[PDB]
Structures are given as structure tokens and as C-alpha cells.
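Asks: Below is a structure I'd like to ask you about.
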Amino acid sequence: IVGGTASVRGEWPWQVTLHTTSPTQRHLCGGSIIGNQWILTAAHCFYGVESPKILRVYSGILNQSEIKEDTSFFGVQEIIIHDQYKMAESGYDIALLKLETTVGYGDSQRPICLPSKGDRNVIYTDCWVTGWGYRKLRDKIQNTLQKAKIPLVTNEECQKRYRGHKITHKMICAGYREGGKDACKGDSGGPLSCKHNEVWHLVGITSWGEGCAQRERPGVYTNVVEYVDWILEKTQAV
Ligand SMILES: COC(=O)Nc1ccc2c(c1)NC(=O)[C@H](C)CCC[C@H](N1CCC(c3c(F)ccc(Cl)c3F)=CC1=O)c1cc-2ccn1
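Positions 16 to 36, 36A to 36B, 37 to 58, 58A to 58B, 59 to 65, 65A to 65B, 66 to 143, 145 to 168, 168A, 169 to 184, 184A to 184B, 185 to 245 (the authors' numbering) are the ones given, in order, by the sequence shown.
Encoded structure:
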């Protein structure tokens, strides 16, 4: 996260850190708890991931230093990537991780509500992007989970900012015209969480942008409300 500040423990209890153990263990991407065996994240996170066996999901983490060999984690049973996904810039950048065991909810780890299909017309004015990503173009994964408040940008304005791309209604953009605050490397797959009527909703999934926090280059997020039926199809299968 560029231009953010340290989060307080328990502030974003749906936020997870997804680690890979191959070739060595490291943070790969962010993700959000949406159900007791389900993590919602970005499809592009899994480029070259040949098996869910190399993955570890850590919940209730503020600092990456809380993670050692003896730290508990959730194994991944299945990686579900949207069938239309080709690359982040073309959309459908969404994936589900089915966990091997159930998450016990508490004050350190609990799910975030998905947006309502009836709330496609609501205007979110209190949106935040979180993660352990870079704070600048050439940096490293941060120890402390960072947060930054960012305004949503209309599809029309985001399209003007990305001349050679097609910004679809399955994408949602966020950023300041002057830049300064944005997601960066290591934040992808994490949430864009918006508070509406005292309830937090998972509005976006950190997906891509041209560089980080540049003037007139908003962050591009998977527009979660457009995938609510896809999520339910995969998580509520008979
Ligand atoms: C010590 O352990 C490490 O060092 N780990 C480490 C280090 C670096 C990386 C990664 C892990 N993970 C990856 O490689 C995976 C496979 C994801 C690949 C894409 C990812 N991006 C690109 C787009 C993006 C973005 C933006 F820039 C602006 C705005 C918005 Cl909305 C965005 F979504 C954010 C972002 O996280 C990214 C992560 C890394 C390296 C390069 N890119």
C-alpha cells in the first residue's frame, strides 16, 4: 500500500495473507474471508501455482513476524479460478480458495459481507484498501498490515485514464486524480472494503494498475457485486 498507515490489530478481521511454500515460504497475495471455509482473492495470484498443496492461509494476522513454523494456518483443498479469466487487465480476476478446515470466527477473524445486488446503485464514500504490499515501486513486503482510504472513480472517468484498455462494468476503479494512495505489489487479491450503514462490504478485489499511486492512474479492482451469483454458485453448490 502506497501512502497508507499501519492498521490496528482486529481492524480488518476478514483480511488474510496467502503464502506459498515453493521454493521457499513467502507472502504471495491478500484475500478476504467470505465464509467459514472460503477465501475470495484474485485469479492472477495463481500464475504458475500448479497445486493447492503449496498454499497456506493465515488469518488473524497484523504483522508478518507473527508467522513462524509453529504458527497455525489453513490448508487449501481447492483453487477455483473463474472460467473466463485470461489475465487481470481483461477482467474475471477472481478466485475462491476452499479451505481444508473451517475458520472459527472471533474478534480476530470473521467474514466480510458481500455487496447486495440491490446495492448496485448505492454510492460508497468510505472505502479502504489494505495489505502487506510495497509502499513504493521498488520495495519489499511490509511487516505491518497497511491501510489507505481511497475514493471510488466512475467507469467513464477510469476509461479516460486507461486509453488502450477496455474498462468494463465488471471492474471498479479507485484513486485520487493527483495520485499518492493506492495498492502496490503484494496487495493484489486483498479487499477494497467499503462501510455503508455501519456495515463493511467487500466492494472490490485488488487487481491491477499502471504502476502504483501515479497521478491519473487509479487502481483497477474486480467489481465484486457483478460476481455475487458466481460466488454463490461455487460456495452454495448442492
Ligand atoms: C517476501 O515475499 C515477497 O517478496 N513476496 C512478493 C513480492 C512481490 C509480489 C508478490 C509477492 N506476488 C506476486 O508476484 C503475485 C504472483 C501477484 C502478481 C501481481 C502483483 N500486483 C500487481 C498489480 C497491483 C496493483 C497496482 F500496482 C496498483 C493498483 C492496483 Cl488495484 C493493483 F492491483 C498490485 C499487485 O500486488 C505483484 C506482486 C508481486 C510482484 C509484482 N506484482
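Ideal Cβ positions, reconstructed from N, Cα and C, are used throughout, including at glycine.
1. Roughly how many angstroms lie between the CA atoms of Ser99 and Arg222, to the nearest whole one?
2. So who's on the other strand from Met180, going by DSSP bridges?
3. How close, in whole Å, do the beta carbons of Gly25 and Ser117 come, if the pair is a contact with beta carbons under 8 Å?
4. Going by DSSP in three states, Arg65B sits in which element: helix, strand or coil?
5. Looking at C-alpha atoms only, which residue of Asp236, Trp27 and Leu155 is the closest neighbour of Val206?
6. Could you check whether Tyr133 and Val210 sit closer than 8 Å to each other, using their CB atoms as the reference points?
7. In the DSSP output, what is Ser45 paired with across the bridge?
8. Taking one C-beta from the stretch 81-94 and one from the stretch 105-113 each time, how about it: are there three or more such pairs within less than 8 Å?
9. Could you pull out every residue in the same chain whose Cβ sits closer than 8 Å to the Cβ of residue 250, ignoring the five residues on either side in sequence?
10. Taking the DSSP output, what are the residues bridged to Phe83?
11. Quick one: residues in its chain with C-beta nearer than 6 Å to the C-beta of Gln243, no 5 flanking neighbours on either side, listed in chain order?
12. Count the other CB atoms within 10 Å of the CB of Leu239; is the residue buried (16 or more) or exposed (fewer)?
13. Taking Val235 as part of the beta strand (DSSP E), name the residues at either end of that continuous run.
Replies: The short version:
1. Taking the first residue of the sequence shown as position 1, residue 99 is located at position 90. Taking the first residue of the sequence shown as position 1, residue 222 is located at position 215. Near 22 Å, if we compare the C-alpha coordinates of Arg222 and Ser99.
2. Reading the sequence shown from its first residue, position 171 is the one you call residue 180. DSSP, once it has assigned bridges, lists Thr229 as partnering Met180.
3. For this step, residue 25 is matched to residue 10 along the sequence shown. For this step, residue 117 is matched to residue 108 along the sequence shown. Correct: roughly 6 Å between the Cβ atoms.
4. Stepping through the sequence shown from its first residue, residue 65B is reached at position 56. Note: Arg65B maps to strand in three-state DSSP.
5. As a position in the sequence shown, residue 206 is number 199, starting the count at 1. Here the closest residue by C-alpha is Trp27.
6. Residue mapping note: residue 210 aligns to position 203 of the sequence shown, counting from 1. Residue mapping note: residue 133 aligns to position 124 of the sequence shown, counting from 1. Yes; because the gap between Cβ atoms is below 8 Å, this pair is in contact.
7. Taking the sequence shown and counting its residues from 1, the one referred to as residue 45 is at position 32. For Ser45, which the question treats as bridged, DSSP gives the partners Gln30 and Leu53.
8. yes
9. Because the chain is modelled from 16 through 245, residue 250 falls outside the range shown and cannot be assessed.
10. In the sequence shown, residue 83 corresponds to position 74, counting from 1. Note: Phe83 sits in a beta bridge opposite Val66.
11. On the sequence shown, residue 243 is found 236 positions in, with the first residue counted as 1. Cβ within range, chain order: n/a, list empty.
12. Here residue 239 refers to the residue found at position 232 of the sequence shown. Answer is exposed; the Cβ neighbour count stays below 16.
13. Counting from 1 along the sequence shown, the entry for residue 235 is found at position 228. Per DSSP, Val235 belongs to no beta strand (DSSP E); it is in the alpha helix (DSSP H), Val235 to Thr242.
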